[PDB]
$ cat start.cif   # mmCIF, N, CA, C and O atoms and all ligand atoms
data_model
loop_
_atom_site.label_atom_id
_atom_site.label_comp_id
_atom_site.auth_asym_id
_atom_site.auth_seq_id
_atom_site.Cartn_x
_atom_site.Cartn_y
_atom_site.Cartn_z
N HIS A 7 0.84 -1.23 0.00
CA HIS A 7 0.00 0.00 0.00
C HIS A 7 0.86 1.26 0.00
O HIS A 7 1.52 1.57 0.99
N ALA A 8 0.85 1.98 -1.12
CA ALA A 8 1.63 3.20 -1.25
C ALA A 8 0.77 4.35 -1.77
O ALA A 8 -0.37 4.15 -2.17
N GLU A 9 1.34 5.55 -1.78
CA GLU A 9 0.63 6.73 -2.26
C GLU A 9 0.79 6.88 -3.77
O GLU A 9 1.58 6.18 -4.39
N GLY A 10 0.02 7.81 -4.34
CA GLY A 10 0.10 8.04 -5.78
C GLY A 10 0.76 9.35 -6.12
O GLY A 10 1.10 10.14 -5.23
N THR A 11 0.95 9.59 -7.41
CA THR A 11 1.58 10.82 -7.88
C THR A 11 0.65 12.01 -7.65
O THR A 11 -0.48 12.04 -8.14
N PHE A 12 1.14 13.00 -6.91
CA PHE A 12 0.36 14.20 -6.62
C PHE A 12 1.22 15.27 -5.97
O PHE A 12 1.19 16.43 -6.37
N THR A 13 1.99 14.87 -4.96
CA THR A 13 2.87 15.80 -4.24
C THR A 13 3.68 16.65 -5.22
O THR A 13 3.98 17.81 -4.94
N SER A 14 4.04 16.06 -6.36
CA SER A 14 4.82 16.77 -7.37
C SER A 14 3.91 17.49 -8.36
O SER A 14 4.10 18.67 -8.65
N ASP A 15 2.92 16.76 -8.88
CA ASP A 15 1.99 17.33 -9.85
C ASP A 15 1.23 18.52 -9.26
O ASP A 15 0.86 19.45 -9.97
N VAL A 16 1.00 18.48 -7.95
CA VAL A 16 0.29 19.55 -7.26
C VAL A 16 1.00 20.89 -7.42
O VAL A 16 0.40 21.95 -7.24
N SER A 17 2.29 20.84 -7.76
CA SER A 17 3.07 22.05 -7.94
C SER A 17 3.02 22.54 -9.38
O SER A 17 3.32 23.70 -9.67
N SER A 18 2.66 21.65 -10.30
CA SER A 18 2.59 21.99 -11.72
C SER A 18 1.21 22.51 -12.12
O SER A 18 1.10 23.35 -13.01
N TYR A 19 0.16 21.99 -11.48
CA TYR A 19 -1.20 22.41 -11.80
C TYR A 19 -1.35 23.93 -11.72
O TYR A 19 -2.16 24.53 -12.41
N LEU A 20 -0.54 24.55 -10.85
CA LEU A 20 -0.58 25.99 -10.67
C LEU A 20 -0.36 26.72 -11.99
O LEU A 20 -0.85 27.83 -12.19
N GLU A 21 0.38 26.09 -12.89
CA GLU A 21 0.67 26.68 -14.19
C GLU A 21 -0.30 26.17 -15.26
O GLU A 21 -0.57 26.85 -16.24
N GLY A 22 -0.82 24.96 -15.05
CA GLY A 22 -1.75 24.38 -16.00
C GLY A 22 -1.04 23.66 -17.13
O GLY A 22 -0.33 24.27 -17.92
N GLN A 23 -1.22 22.34 -17.19
CA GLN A 23 -0.58 21.53 -18.22
C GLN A 23 -1.47 21.41 -19.45
O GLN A 23 -1.26 22.09 -20.46
N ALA A 24 -2.47 20.53 -19.38
CA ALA A 24 -3.39 20.30 -20.49
C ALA A 24 -4.02 21.60 -20.97
O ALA A 24 -3.96 21.94 -22.15
N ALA A 25 -4.64 22.33 -20.04
CA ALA A 25 -5.30 23.59 -20.38
C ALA A 25 -4.34 24.55 -21.09
O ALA A 25 -4.45 24.76 -22.29
N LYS A 26 -3.41 25.12 -20.33
CA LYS A 26 -2.44 26.06 -20.89
C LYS A 26 -1.83 25.53 -22.19
O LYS A 26 -1.38 26.31 -23.03
N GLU A 27 -1.81 24.21 -22.35
CA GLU A 27 -1.26 23.59 -23.55
C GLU A 27 -1.73 24.31 -24.81
O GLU A 27 -1.04 24.30 -25.83
N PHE A 28 -2.91 24.92 -24.74
CA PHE A 28 -3.46 25.64 -25.89
C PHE A 28 -2.70 26.94 -26.14
O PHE A 28 -2.51 27.33 -27.29
N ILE A 29 -2.29 27.60 -25.06
CA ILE A 29 -1.55 28.87 -25.17
C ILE A 29 -0.46 28.79 -26.23
O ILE A 29 -0.12 29.80 -26.86
N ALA A 30 0.08 27.60 -26.43
CA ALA A 30 1.14 27.39 -27.42
C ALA A 30 0.61 27.61 -28.84
O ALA A 30 1.32 28.13 -29.70
N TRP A 31 -0.63 27.20 -29.07
CA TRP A 31 -1.25 27.35 -30.39
C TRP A 31 -1.29 28.83 -30.80
O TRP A 31 -0.70 29.22 -31.81
N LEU A 32 -2.00 29.64 -30.02
CA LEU A 32 -2.13 31.06 -30.31
C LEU A 32 -0.76 31.73 -30.43
O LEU A 32 -0.47 32.38 -31.43
N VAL A 33 0.07 31.57 -29.40
CA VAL A 33 1.40 32.17 -29.41
C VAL A 33 2.20 31.72 -30.63
O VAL A 33 3.07 32.44 -31.12
N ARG A 34 1.91 30.51 -31.11
CA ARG A 34 2.60 29.97 -32.27
C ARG A 34 1.70 30.00 -33.51
O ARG A 34 1.47 28.97 -34.15
N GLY A 35 1.19 31.18 -33.83
CA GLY A 35 0.31 31.32 -34.98
C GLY A 35 -0.86 32.24 -34.71
O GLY A 35 -2.01 31.88 -34.99
N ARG A 36 -0.58 33.42 -34.17
CA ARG A 36 -1.62 34.39 -33.87
C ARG A 36 -1.03 35.79 -33.70
O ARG A 36 -1.46 36.55 -32.84
N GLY A 37 -0.05 36.11 -34.54
CA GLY A 37 0.58 37.41 -34.47
C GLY A 37 1.97 37.35 -33.87
O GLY A 37 2.72 36.41 -34.19
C1 LIG A 101 -5.57 27.71 -18.78
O1 LIG A 101 -5.22 27.36 -19.90
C2 LIG A 101 -7.04 28.02 -18.54
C3 LIG A 101 -7.60 29.02 -19.55
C4 LIG A 101 -9.00 28.64 -20.04
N1 LIG A 101 -8.93 28.13 -21.41
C5 LIG A 101 -8.84 28.93 -22.46
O2 LIG A 101 -8.80 30.16 -22.32
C6 LIG A 101 -8.82 28.38 -23.88
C7 LIG A 101 -8.24 29.36 -24.89
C8 LIG A 101 -9.26 29.76 -25.94
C9 LIG A 101 -9.57 31.25 -25.89
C10 LIG A 101 -8.97 31.99 -27.08
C11 LIG A 101 -7.46 32.10 -26.95
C12 LIG A 101 -7.06 33.28 -26.07
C13 LIG A 101 -6.04 32.87 -25.02
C14 LIG A 101 -5.11 34.02 -24.67
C15 LIG A 101 -4.57 33.90 -23.26
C16 LIG A 101 -3.18 34.50 -23.13
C17 LIG A 101 -2.13 33.63 -23.80
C18 LIG A 101 -1.14 34.46 -24.60
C19 LIG A 101 0.30 34.05 -24.31
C20 LIG A 101 1.29 34.95 -25.02
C21 LIG A 101 -9.94 29.84 -19.94
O3 LIG A 101 -9.79 30.62 -18.97
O4 LIG A 101 -10.80 30.00 -20.82
#
$ encode --input "start.cif" --output "structure tokens"
Amino acid sequence: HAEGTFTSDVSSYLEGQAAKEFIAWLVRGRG
């Protein structure tokens, strides 16, 4: 019985992975 991945990911969600992933689209083809 062990814990799952979160202690680390909890620090990345602050920036947004999947969501913000879109920011790359606009920035890379929107002026
Ligand atoms: C994090 O990604 C949550 C944001 C969330 N999703 C979206 O906004 C989807 C984007 C579609 C809207 C049209 C694009 C405008 C985005 C511009 C934001 C600044 C990025 C520019 C970087 C140089 C939401 O809040 O709707």
$ residues_near_ligand --input "start.cif" --ligand "ligand LIG 101 (chain A)" --cutoff "10 Å" --atoms "only C-alpha atoms and all ligand atoms" --output "PyMOL selection string"
chain A and resi 19-34+36-37
$ atom_distance --input "start.cif" --atom1 "atom C of residue 35 (chain A)" --atom2 "atom O of residue 18 (chain A)"
23.5 Å
$ select_by_dssp --input "start.cif" --residues "chain A" --states "helix (DSSP H, G or I)" --output "compact mmCIF listing (two decimals) with N, CA, C and O atoms, in the frame of the given file"
# COMPACT_ATOMS: atom_id res chain seq x y z
N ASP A 15 2.92 16.76 -8.88
CA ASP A 15 1.99 17.33 -9.85
C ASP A 15 1.23 18.52 -9.26
O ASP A 15 0.86 19.45 -9.97
N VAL A 16 1.00 18.48 -7.95
CA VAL A 16 0.29 19.55 -7.26
C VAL A 16 1.00 20.89 -7.42
O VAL A 16 0.40 21.95 -7.24
N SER A 17 2.29 20.84 -7.76
CA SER A 17 3.07 22.05 -7.94
C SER A 17 3.02 22.54 -9.38
O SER A 17 3.32 23.70 -9.67
N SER A 18 2.66 21.65 -10.30
CA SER A 18 2.59 21.99 -11.72
C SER A 18 1.21 22.51 -12.12
O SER A 18 1.10 23.35 -13.01
N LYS A 26 -3.41 25.12 -20.33
CA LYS A 26 -2.44 26.06 -20.89
C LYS A 26 -1.83 25.53 -22.19
O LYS A 26 -1.38 26.31 -23.03
N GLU A 27 -1.81 24.21 -22.35
CA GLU A 27 -1.26 23.59 -23.55
C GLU A 27 -1.73 24.31 -24.81
O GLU A 27 -1.04 24.30 -25.83
N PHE A 28 -2.91 24.92 -24.74
CA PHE A 28 -3.46 25.64 -25.89
C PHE A 28 -2.70 26.94 -26.14
O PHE A 28 -2.51 27.33 -27.29
N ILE A 29 -2.29 27.60 -25.06
CA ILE A 29 -1.55 28.87 -25.17
C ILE A 29 -0.46 28.79 -26.23
O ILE A 29 -0.12 29.80 -26.86
N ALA A 30 0.08 27.60 -26.43
CA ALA A 30 1.14 27.39 -27.42
C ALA A 30 0.61 27.61 -28.84
O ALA A 30 1.32 28.13 -29.70
N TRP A 31 -0.63 27.20 -29.07
CA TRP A 31 -1.25 27.35 -30.39
C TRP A 31 -1.29 28.83 -30.80
O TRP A 31 -0.70 29.22 -31.81
N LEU A 32 -2.00 29.64 -30.02
CA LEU A 32 -2.13 31.06 -30.31
C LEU A 32 -0.76 31.73 -30.43
O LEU A 32 -0.47 32.38 -31.43
N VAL A 33 0.07 31.57 -29.40
CA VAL A 33 1.40 32.17 -29.41
C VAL A 33 2.20 31.72 -30.63
O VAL A 33 3.07 32.44 -31.12
